[PDB]
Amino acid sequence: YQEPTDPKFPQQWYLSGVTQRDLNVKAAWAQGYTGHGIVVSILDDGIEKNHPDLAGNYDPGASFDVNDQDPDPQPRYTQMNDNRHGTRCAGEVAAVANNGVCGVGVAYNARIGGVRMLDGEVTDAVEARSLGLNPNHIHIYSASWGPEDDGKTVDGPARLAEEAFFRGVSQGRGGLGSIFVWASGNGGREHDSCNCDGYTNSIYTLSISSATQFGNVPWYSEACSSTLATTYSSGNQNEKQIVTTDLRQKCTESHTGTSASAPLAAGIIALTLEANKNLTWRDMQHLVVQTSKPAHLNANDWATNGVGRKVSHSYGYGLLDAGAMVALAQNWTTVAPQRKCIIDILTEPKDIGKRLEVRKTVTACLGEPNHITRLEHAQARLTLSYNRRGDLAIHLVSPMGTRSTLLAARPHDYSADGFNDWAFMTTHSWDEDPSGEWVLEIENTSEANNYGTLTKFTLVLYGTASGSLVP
């Protein structure tokens, strides 16, 4: 295998590292996987389709302009270079290799497009028309943004966008399901808690957080239980950043944030789909769970779950490992059809006060076609009132003892509107047997005499009843 000759490839430390602090992408390339035949679309502020490092891989069939309602996603050029982010992300996935320009994409032979959707009012329809763009041509969608990362917002896809997610994973990609890759958020300095973002909190999105070059949790990271894995991104000013294509036919060495991590994951997923084009949207999440690597990622919350995997709310199952992903994809057996077990927990509303614990022993739909012995995602769908929402911290403990943080305290969240059937999601009990006692904890983290009521707690289990590995 001959590694890329591009002038800035040596500066793409998260690929070309010889120190083991990288995404192990060269190993995938050396197995023959470069993204050939795979189609990725960047949902953002547009894509400079004539960029010298993107033109050779540019695919109009992966592109649209929902802001101006035309097929051409070219960015709006301004003095401050406002609409450059989509172009930066496109190059992370699929910048051309061995052409004397900038560096390379993770999947440097994949086809790449962009949806111009963020340069205008982002409505439910705009979101739905973007997520649902050409779903039998585009394999993988990359989205780096969502509701405001101000640490006080609770919002997610409205009706059309949620319908687009279910249509995508159900009928997209020939029935195998669109793969939606999401950044878990940039709200770290606002103490944001990312299950409050219904896009990254969705089971239908494969959610990605960031690690700095030295293996630390960056200032901008949000912790939450819905995150699945991690890719490198920026950190302090002694740590390197992401190197990629930039607006006006330039390169950049200063692409940053969790919003730079999701495209790298999308590229790794593109290599993996080249290795096995029959992978379903759920198969891809299984591969990520099984192959991601905690080693050398620093966090104070690494915990071993019930099947022996380390999980963190900052990192999910750890750093993506592209060589391992493509190796395991090749002979992967398609997972069984997805089951869903609905358990309405409360017999009466419960006063929260200073602290509430709800314990329930469940059989996970024993005797039914939705019996689950092998969990994938789990949700605690909660309806509650509270006088100051951000004073609440919420945890969910599985029968195997895995304590998922569903919500951390959010000091800026002064809302008195509570949670209205909010489906807090955790990935940390993946492959556990969910039969047994679940424990929900709601606590007032403030010394204030806060008050409210939990009126509904639905435990929703997804998964299967076959195919488990030895822990």
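Counting begins at 1, following the sequence as shown.
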*Determine, for stretches 346 to 354 and 277 to 285, which one has the higher mean CA B-factor as deposited.*
346 to 354
*According to the deposited model, is the average Cα temperature factor higher in 158 to 166 or in 103 to 111?*
103 to 111
*Out of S221, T334, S178, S142, residue topping the C-alpha B-factor column of the entry*: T334
*Have a look at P294, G146, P263, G257 and flag the one whose Cα has the highest B-factor in the entry.*
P294
*Taking the entry's C-alpha B-factors for this chain, is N24 in the lowest, middle or highest third?*
highest
_Is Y204 in the lowest, middle or highest third of its chain when residues are ranked by C-alpha B-factor?_
lowest
*asked:* Considering every modelled residue of the chain and its Cα B-factor in the PDB entry, is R173 in the lowest, middle or highest third?
replied: highest
*By the record's CA B-factor, is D421 among the lowest, middle or highest third of residues in the chain?*
lowest
_Considering every modelled residue of the chain and its Cα B-factor in the PDB entry, is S41 in the lowest, middle or highest third?_
middle
